[PDB]
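**Q**
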Amino acid sequence: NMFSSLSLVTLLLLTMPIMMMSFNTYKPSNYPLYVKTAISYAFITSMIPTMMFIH
Amino acid sequence: XXXXXXXXXXXXXXXXXXXXXXXXXXXXXXXXXXXXXXXXXXXXXXXXXXXXXXXXXXXXXXXXXXXXXXXXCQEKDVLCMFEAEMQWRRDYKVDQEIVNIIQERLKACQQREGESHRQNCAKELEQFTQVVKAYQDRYXXXXXXXXXXXXXXXXXXXXXXXXXXXXXX
Amino acid sequence: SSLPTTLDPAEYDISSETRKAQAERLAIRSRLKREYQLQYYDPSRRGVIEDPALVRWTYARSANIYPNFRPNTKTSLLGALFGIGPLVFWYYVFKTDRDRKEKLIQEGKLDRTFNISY
Amino acid sequence: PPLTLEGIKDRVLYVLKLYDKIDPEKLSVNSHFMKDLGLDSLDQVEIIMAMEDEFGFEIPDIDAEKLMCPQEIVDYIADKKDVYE
Amino acid sequence: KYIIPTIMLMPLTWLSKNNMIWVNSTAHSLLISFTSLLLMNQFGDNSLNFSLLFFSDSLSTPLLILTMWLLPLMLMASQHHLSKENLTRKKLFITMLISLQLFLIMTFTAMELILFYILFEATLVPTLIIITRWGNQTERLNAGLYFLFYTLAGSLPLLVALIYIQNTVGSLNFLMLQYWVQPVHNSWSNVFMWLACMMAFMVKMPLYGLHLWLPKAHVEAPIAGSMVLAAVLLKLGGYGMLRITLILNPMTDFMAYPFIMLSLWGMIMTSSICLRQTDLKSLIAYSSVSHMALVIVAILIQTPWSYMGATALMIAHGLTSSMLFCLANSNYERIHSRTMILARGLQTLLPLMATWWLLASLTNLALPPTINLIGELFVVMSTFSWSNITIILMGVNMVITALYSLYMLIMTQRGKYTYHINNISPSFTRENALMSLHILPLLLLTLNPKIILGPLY
Amino acid sequence: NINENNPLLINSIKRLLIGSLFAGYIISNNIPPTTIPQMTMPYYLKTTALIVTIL
Amino acid sequence: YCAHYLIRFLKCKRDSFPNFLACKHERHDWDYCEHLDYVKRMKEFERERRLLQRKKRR
Amino acid sequence: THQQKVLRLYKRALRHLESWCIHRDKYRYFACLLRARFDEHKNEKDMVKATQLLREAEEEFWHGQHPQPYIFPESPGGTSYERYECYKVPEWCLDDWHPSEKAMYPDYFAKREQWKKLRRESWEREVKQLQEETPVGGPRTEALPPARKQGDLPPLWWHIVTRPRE
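Those protein sequence lines, which keep their order, are chains A, B, C, D, E, F, G and H. Under the deposited numbering, the residues of the first sequence are numbered 2 to 56, in order. Under the deposited numbering, the residues of the second sequence are numbered 4 to 172, in order. Under the deposited numbering, the residues of the third sequence are numbered 11 to 128, in order. Under the deposited numbering, the residues of the fourth sequence are numbered 4 to 88, in order. Under the deposited numbering, the residues of the fifth sequence are numbered 3 to 459, in order. Under the deposited numbering, the residues of the sixth sequence are numbered 442 to 496, in order. Under the deposited numbering, the residues of the seventh sequence are numbered 57 to 114, in order. Under the deposited numbering, the residues of the eighth sequence are numbered 10 to 175, in order.
#1: With a cut-off of 8 Å, does the C-beta of G:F101 fall near any C-beta of chain F?
#2: For a test of the three-state rule: what should DSSP assign to E:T341, helix, strand or coil?
#3: Between the Cα of E:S289 and those of E:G137, E:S389, E:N399, spot the shortest distance and give me the residue it belongs to.
#4: By the DSSP assignment, the alpha helix (DSSP H) with E:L411 in it spans what residues?
#5: Can you name the residues of chain H whose CB is closer than 8 Å to the CB of D:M52?
#6: Run the CB neighbour count on G:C68, radius 10 Å, all protein chains shown included, and call it buried at 16 or more, exposed below.
#7: For H:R33, which residues in chain D fall below 9 Å Cβ to Cβ?
#8: Check the C-beta distance from H:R172 over to D:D39 and give it rounded, since I have them as a contact under 8 Å.
#9: Going by C-alpha distance, which of E:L115, E:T125, E:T322, E:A79 is nearest E:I225?
#10: What's the call for E:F194, buried or exposed, on a 16-neighbour Cβ count within 10 Å?
#11: Pop quiz: E:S35 and E:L73 are said to be a contact at Cβ under 8 Å. What is the actual Cβ separation, rounded to whole angstroms?
#12: Is it true that the region 41-53 of chain E meets the region 68-85 of chain D, where meeting means three or more beta-carbon pairs spaced less than 8 Å apart?
#13: Please classify E:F151 as buried or exposed, where buried requires at least 16 other C-beta atoms within 10 Å of its C-beta.
#14: What residues in the region 351-369 of chain E bring their beta carbon closer than 7 Å to a beta carbon of chain H?
#15: Expressed to the nearest angstrom, what Euclidean distance is found between the alpha-carbon atoms of C:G89 and E:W267?
#16: Relative to the C-alpha of E:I301, which candidate in E:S324, E:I286, E:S265, E:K93 has its C-alpha closest?
#17: Just to confirm, is the Cβ distance from E:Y419 to E:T357 under 8 Å?
#18: Could you please give me the residues that DSSP links to E:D281 through a beta bridge?
#19: Using C-beta distances below 7 Å, list every residue in its chain close to E:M294, excluding the 5 sequence neighbours before and after it, in chain order.
#20: Does D:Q47 come out as helix, strand or coil in the three-state DSSP assignment?
#21: What span of residues does the alpha helix (DSSP H) with E:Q349 cover, start to end?
#22: Run down chain D in chain order and give the residues with a C-beta less than 8 Å from the C-beta of H:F47.
#23: Which residues in chain B have a C-beta closer than 7 Å to the C-beta of E:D47? List them in chain order.
#24: Excluding sequence positions up to five away, which residues of its chain have a Cβ less than 6 Å from the Cβ of B:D98?
#25: Got a sec: is the Cβ-Cβ distance from C:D61 to anything in chain H below 8 Å?
#26: Out of E:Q81, E:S189, E:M413, point me to the one whose CA is closest to E:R432's CA.
#27: Could you list which residues in chain C have their beta carbon closer than 8 Å to that of E:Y166, in chain order?
#28: Is the beta carbon of E:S38 closer than 8 Å to that of E:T313?
#29: Specify, as a first and last residue, the run of the alpha helix (DSSP H) that C:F124 falls within.
#30: Going along the chain, which residues of the region 122-142 of chain H sit with their C-beta nearer than 9 Å to a C-beta in chain D?
#31: From what residue to what residue does the alpha helix (DSSP H) around E:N51 run?
#32: For the region 57-83 of chain D, which residues have a CB atom closer than 8 Å to at least one CB atom of chain H, in sequence order?
#33: Do you know offhand how far H:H168's Cα is from E:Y4's?
#34: Keeping to the same chain, check which residues put their C-beta closer than 6 Å to that of E:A258; ignore five residues upstream and five downstream.
#35: DSSP on E:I246, reduced to helix/strand/coil?
#36: Check the Cβ of E:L179 against every Cβ in chain B and list those closer than 7 Å, keeping chain order.
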């Protein structure tokens, strides 16, 4: 059941900088670092359901 | 439910026989994420269900049946044909979505078997060939844009060809 | 398209009468340049200048339709062969495909079993 | 990397002295390669190619005729690269 | 409910003081456009009837909403233009745009062939005055003369056609009444009966032949790049082809077969010319021939799939091509010559407009599904059921649609602008508003365009 | 001419070095296979692939 | 084709065991029957070559 | 311009030699071999034979003409960053800075006002100085340097004396 729920999170995490691009929050110079941190946690949320697939 | 075919029974049971290591990491996370945010979302869904309390009934789909077919109404008349044109169009909208259900039945056939796919099922592929062939020869699929008067001519064209073939053979 | 080697150090007169003609090239070039230079380096300008070379360039393509082509020669008829020609070409392509298809529907069925479209 | 006016006078002089075609006492900074230094017509293109490769090779043939003096060649290289504010 | 608020927009401009005018004409049209989206979107099993036939109903018309959406959008674009002219002529002009929109409301709503035609030709007179006056370029009279020479010579054959059909079979009037339809037996007398009904909508829907009507109207523009949106409405104004082919002649479509073939070279050869031309407006004008040629290919096949693609394309082109004319307007108001080679350089002067250039150019191509892909893809899939060879011809068009957008981008991406001293100020608040109010409805139609491509969908 | 070592470059490529050395040992070993043809011709087909790179 | 030895490799994969690499005994058994199946196909090609040699002589 | 034709061919020959060779020591060897060819024939004066040698110089140069030439750094045209890393905002955009935003960094705004005042006042003197130097009708190919430069300001500077950089 959690396999379907966590699969869409990888799609959601990558769209979060796009959704919070137009003004949203005041973050200069931190925005390029925000892209790096978003994909890093997107990798972790993609590693778990692949372990479910090997199982 | 009821209208959907669905699987008979779901199998799978935990074995864990070979090695120890750190047990199953997926099953350990399954127990971890069940209380992390799966329990919190279930509690929030229950809180939203409790806050509903009073709800509207809504009498669902309206009936409206028969009202005489276009084949029964002989000779061209605007008062008689109008209700017959609406009856044929309502059936054509339903017959479009009948195919879509059996289309999704074939979608369920592909997933719920996986490995076999073509070798197994046997019923869903047969049911698809029984409906689509009936839809192709009777409900347009060759008679361009939808028209009630054209459908009666299409039905007469199929009947005249069948009668000519049956009398000869 | 160039036929032999790339033309840059090939085929030129060795400092003959062409030198007087080559000096004339810079004379007309600077004449159009100096009037451009005078209408550029002033702060009180504000606005894109005309340049008659580009105005006549647009006029050569957009206009000159009926002042030109008043001698309708055999070359225009050859251009007409590339005009009407391709339109009549597909008439023996689409009809041959249709008569192939329509005959297959009636005699010796070639229609798809799962064709709910159209 | 940043480039200074003193850096342009140091890099061009070191490249000219290493060429071995002219003496270090004969050419200093303002002594022209055309007559004062003692360089051939083929040497003028050879010195221009060596000086460009050391700093930043962007020397056209049209500016090569104007480039004769090492003091002028250092100024022309600084003008094209926009060095020293 | 759509009769006498647009007629009530008429005395609004005359009564209002000289300081206002533009503030009243826009605000009292945006709330009128809100009511069109509020009421007309409802449908039963088939076509309804709002009232007795003065203005009838909607069957497959979300195209009415588009005209109501352009009801204030034309007033947005003509702000820098007509700012130095007389105040009495400003009141005269806005009423002429309102009168165009007045008859455009009528034509889409009225489900007649007789009342539709005379109000279809009632859009011709206001556009004639709008083109021949306030035209920035010389020889604008050729754009005026050929506007009524090509159209009227093709459309006056409808009077001898439409009245002939109702004299034989009942009456055309109510359309939903017209199901007394007898199949056309394909006779030599019926040859010109089909041709006269089609040729009227072979001019406004540009083919390969008789297509010179369009680019002359755009090159010799009515107003800079502001009243060109009304000429985009005239392109989609040939929607009678959806009704004539369906009702008047369903059996005989053997004569449709050469007209698809004529419009098939009105796809490739109309896109080939749109590659070298110098005028930036003409690079939209010839591209608008090809995208509207898609509908003429679609309708004459008469398959249910083509109608889904066509009705989508009528709305798709009405918001994408018009948006491209607004970009041509923004360049012309600064340089005052529409030469593509001269006006070269974005981002150095116009940083924010460059992103709006992308969201307007790439929509000519099949992007992530906006309405243009949904419009085109159903037509290409419809042409295969017609004949298998079509995609070889249609595939070349898919290559040159990239040669539409990117060539418009590259010739503006080249950072130079040495001769240009003007274009110092980036953009006005109303200037960027045109870029938003054209693209954001296209972006909202990405989600669910169910109420866009709807002839029984 | 200067070429300096950056803190961003080292941490990026070193983590890729784990991904470049340990890819086939993890991915192809865990993924379910379907019919392996590695049996016939050892000197004519099997050893020839590695020998071609050496030659 | 083998089925009997191939299912045992899937039976080893049926049990979880994180970072799966230490299951070679099931893989070697699956390769042993596959090599025998490849040899059976090679013997069938050899028997076809032997039958063609006898047919050419007669 | 026969002297220019020899120099341009020799300049092209050196920069095309590096594409054929690999190492720097081999480049020096082939350059001295080229120096043995050109210096021996330039010593004597030739009227017909010099142009004959220059037309023969097209050969060998065309036999080895395209191995993809080594235009490594920021060179005009060719390859590898010809006109790149360029935002290049002109002085025309530097005048249309918005109020309540142009106040930031006031030293750049105060200096630019003095530069604009220097150009507007000297333009009338530049038009007289530039208009004075005329042979008859049109110029004979070339720029106009200041002759009577008492105060300062050449006739024709703003784009030339105000490049964006790089």
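Each residue gets a CB set at the ideal place from its N, CA and C atoms; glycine is no exception.
**A** On the basis of the supplied data:
#1: Start at 1 with the first residue of the seventh sequence, and residue 101 of chain G comes out as number 45. False, the Cβ-Cβ gap to chain F never drops below 8 Å.
#2: Here residue 341 of chain E corresponds to residue number 339 of the fifth sequence, with the count starting at 1. E:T341 falls in the strand class under three-state DSSP.
#3: Taking the first residue of the fifth sequence as 1, we reach residue 289 of chain E at position 287. Among E:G137, E:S389, E:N399, the Cα nearest to that of E:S289 is on E:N399.
#4: For the purposes of this step, residue 411 of chain E is taken as residue 409 along the fifth sequence, with counting starting at 1. From DSSP, the alpha helix (DSSP H) with E:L411 extends over 404-415.
#5: Here residue 52 of chain D is taken as the residue at index 49 of the fourth sequence, counted from 1. Going along chain H in sequence order, the residues near D:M52 (Cβ under 8 Å) are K20, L23, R24.
#6: Mapped onto the seventh sequence, residue 68 of chain G falls at position 12. With 16 or more Cβ atoms within 10 Å of its Cβ, G:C68 is classed as buried.
#7: Here residue 33 of chain H is taken as the residue at index 24 of the eighth sequence, counted from 1. By Cβ distance, chain D contributes nothing, its closest Cβ being about 10 Å from H:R33, past 9 Å.
#8: As a working mapping, residue 172 of chain H is identified with position 163 in the eighth sequence. As a working mapping, residue 39 of chain D is identified with position 36 in the fourth sequence. Not quite, the Cβ-Cβ distance comes to about 32 Å (not below 8 Å), so this is no contact.
#9: As a first step, residue 225 of chain E is located in the fifth sequence; it is residue number 223 there, counting from the start. Of E:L115, E:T125, E:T322, E:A79, the residue nearest in Cα terms is E:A79.
#10: Position 192 of the fifth sequence, counting from 1, holds the residue named residue 194 of chain E. The residue is exposed, with fewer than 16 neighbouring Cβ atoms inside 10 Å.
#11: Here residue 35 of chain E refers to the residue found at position 33 when the fifth sequence is read from its first residue. Here residue 73 of chain E refers to the residue found at position 71 when the fifth sequence is read from its first residue. Confirmed, Cβ separation roughly 6 Å.
#12: Contact between the region 41-53 of chain E and the region 68-85 of chain D is absent: fewer than three C-beta pairs spanning the two stretches fall below 8 Å.
#13: For the purposes of this step, residue 151 of chain E is identified with residue 149 of the fifth sequence, where counting begins at 1. With fewer than 16 other Cβ atoms within 10 Å, it is exposed.
#14: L351
#15: For the purposes of this step, residue 89 of chain C is identified with residue 79 of the third sequence, where counting begins at 1. For the purposes of this step, residue 267 of chain E is identified with residue 265 of the fifth sequence, where counting begins at 1. For C:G89 and E:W267, the distance between alpha carbons rounds to 16 Å.
#16: In the fifth sequence, residue 301 of chain E corresponds to position 299, counting from 1. Ranking the options by Cα distance to E:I301, first place goes to E:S265.
#17: As a first step, residue 419 of chain E is located in the fifth sequence; it is residue number 417 there, counting from the start. As a first step, residue 357 of chain E is located in the fifth sequence; it is residue number 355 there, counting from the start. One thing to note: E:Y419 has its Cβ no nearer than 8 Å to the Cβ of E:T357.
#18: Taking the fifth sequence and counting its residues from 1, one reaches residue 281 of chain E at position 279. According to DSSP, which records beta bridges pairwise, E:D281 is partnered with E:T341.
#19: Here residue 294 of chain E refers to the residue found at position 292 of the fifth sequence. The answer, listed in chain order, is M207, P208, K237, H319.
#20: The residue you call residue 47 of chain D lines up with position 44 of the fourth sequence. Collapsing the DSSP output to three states places D:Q47 in a helix.
#21: Position 347 of the fifth sequence, counted from the first residue, corresponds to residue 349 of chain E. Here E:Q349 belongs to no alpha helix (DSSP H), and DSSP marks it neither H nor E.
#22: Mapped onto the eighth sequence, residue 47 of chain H falls at position 38. The answer, in chain order, is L45.
#23: In the fifth sequence, counting from the first residue as 1, residue 47 of chain E sits at position 45. The answer, in chain order, is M89, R92, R93.
#24: Within the second sequence, numbered from 1, the residue matching residue 98 of chain B stands at position 95. Closer than 6 Å at the Cβ level, and outside the excluded window around B:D98, lie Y142.
#25: Numbered from 1 along the third sequence, position 51 holds the residue referred to as residue 61 of chain C. No, no contact with chain H.
#26: Start at 1 with the first residue of the fifth sequence, and residue 432 of chain E comes out as number 430. Per the Cα distances, E:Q81.
#27: For the purposes of this step, residue 166 of chain E is taken as the residue at position 164 of the fifth sequence. The contacting residues do not exist; E:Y166 stays about 30 Å from chain C at best.
#28: For this step, residue 313 of chain E is matched to residue 311 along the fifth sequence. For this step, residue 38 of chain E is matched to residue 36 along the fifth sequence. No, the pair does not count as a contact, with Cβ atoms beyond the cut-off.
#29: Sequence index remark: in the third sequence, residue 124 of chain C carries index 114 (1-based). Element bounds for C:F124: n/a, residue is neither H nor E.
#30: none
#31: By 1-based counting over the fifth sequence, the position of residue 51 of chain E is 49. E:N51 -> no alpha helix (DSSP H), and no H or E assigned at all.
#32: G59, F60, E61, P63, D64, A67, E68
#33: Counted from its first residue, the eighth sequence places residue 168 of chain H at position 159. Counted from its first residue, the fifth sequence places residue 4 of chain E at position 2. Cα to Cα, the separation comes out at about 59 Å.
#34: As a working mapping, residue 258 of chain E is identified with position 256 in the fifth sequence. Excluding positions up to five away in sequence, the list reads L302.
#35: Taking the fifth sequence and counting its residues from 1, one reaches residue 246 of chain E at position 244. Of the three classes helix, strand and coil, the one that applies to E:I246 here is helix, per DSSP.
#36: What you label residue 179 of chain E is simply residue 177 of the fifth sequence in a count that begins at 1. Chain B residues near E:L179: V81.
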